[PDB]
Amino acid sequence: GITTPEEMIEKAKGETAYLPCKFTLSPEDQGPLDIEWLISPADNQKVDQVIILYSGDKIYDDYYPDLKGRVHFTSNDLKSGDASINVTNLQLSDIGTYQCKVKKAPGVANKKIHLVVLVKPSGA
């Protein structure tokens, strides 16, 4: 499963947000590894929008237009147990709940991060 609970990350416009998603695999989890990150924007009604994906040993991005080029996995070895990603140059539009799904049949886990972006620094 994923090593961290549902959390809230508060950043400032322009900064970069690090969305942690580390996981441990069980001996039973013998199926192929899939890592999907979805987002439910606060500004609109869309829910569970695909942001980035790791399937069949390949990375697939370019799903959520407004987030183009600003999302990348942080680790250079996902299989090792780290699905974390970075959202660079945060904008107020990036506010919403980001979800990390890590699957290895029969294994499945997910984590929800509520990202908040503030015009200028301070959560004081």
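All residue numbers refer to positions in the sequence shown, first residue = 1.
Colleague: Comparing average C-alpha B factors as deposited, tell me which of 71 to 79 and 48 to 56 sits higher.
Modeller: Taking the mean C-alpha B-factor of 71 to 79 and of 48 to 56, the larger value falls to 71 to 79.
Colleague: Of 19 to 27 and 99 to 107, which one has the bigger average CA B-factor?
Modeller: Stretch with the greater average CA B-factor: 19 to 27.
Colleague: Please say which third, lowest, middle or highest, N86 falls into when its CA temperature factor is compared across its chain.
Modeller: Middle third.
Colleague: Select lowest, middle or highest to describe the third in which the CA B-factor of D66 falls within its chain in this entry.
Modeller: Within its chain, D66 is a highest-third residue by C-alpha B-factor, going by the deposited values.
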